[PDB]
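> Here it is: the structure, laid out below.
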Amino acid sequence: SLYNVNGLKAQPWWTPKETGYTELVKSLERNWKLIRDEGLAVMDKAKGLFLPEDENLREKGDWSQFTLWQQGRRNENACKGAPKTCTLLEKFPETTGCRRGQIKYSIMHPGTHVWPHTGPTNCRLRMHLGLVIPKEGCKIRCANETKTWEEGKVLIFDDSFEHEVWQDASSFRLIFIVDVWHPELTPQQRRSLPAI
Ligand code: NI
């Protein structure tokens, strides 16, 4: 990709400790219900704050997002929708300042499959916080390892690896997606790398 930095540690799945972003992960997991509740509050389509997720192609099913940060820019109207979550995230420039990432609620509905794909850059890691996870039917593969989400828990993967998602439940799957700068990027790089 045009948006890669050579030599950045490359592995499909990361532990929180490996990323060094332990305070961010702890805060996400401490406050998971608070974050979930704000997502649920605006989740009404009648409200209509969740919009289609066109980030990548899906074979079938429905997929929606409510984006709080985009390329390091706070969505003001969105944060009025999720004020406590936004206030919380502001403590963590490693994600709010990630100009190559996003911060968003992501809902995936029953009968959805997202084709194998890669993100645009090896310069971010993608955190998933489980908010509402169906008992069965949802999973995500990254490279050769397939995993499931857990409510209140963070998964972290390098989405520049090929990954793929299935929603084979009967009820919706809500997660919170938090992108961070790859931890081996210098402060100079975090300041100067053009957004994507
Ligand atoms: Ni993806």
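Chain A uses Swiss-Prot numbers throughout; the residues present, in order, are 563-758.
So how was this one determined? The header says X-ray crystallography, 2.0 Å.
In case you wondered, yes, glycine gets a Cβ from its N, Cα and C as well.
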> According to Swiss-Prot, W625, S668, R688, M689, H690 bind 2-oxoglutarate; so which of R735, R752, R753 is the extra one listed there?
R735
> Please work out, from what Swiss-Prot records, which of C648, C660 forms the disulfide with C641.
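Among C648, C660, the record in Swiss-Prot lists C648 as the disulfide partner of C641.
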> For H679 (Fe cation binding site), which residues in the same chain are close in space, meaning a Cβ under 8 Å from its Cβ, but six or more apart along the sequence?
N618, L619, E724, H725, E726
> What is the interatomic distance between the Cα atoms of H690 (2-oxoglutarate binding site) and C641 (disulfide bond), given in whole Å?
19
> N706 (N-linked glycosylation site) to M689 (2-oxoglutarate binding site): how many Å between their Cα atoms?
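Answer for this pair: 18 Å between alpha carbons.
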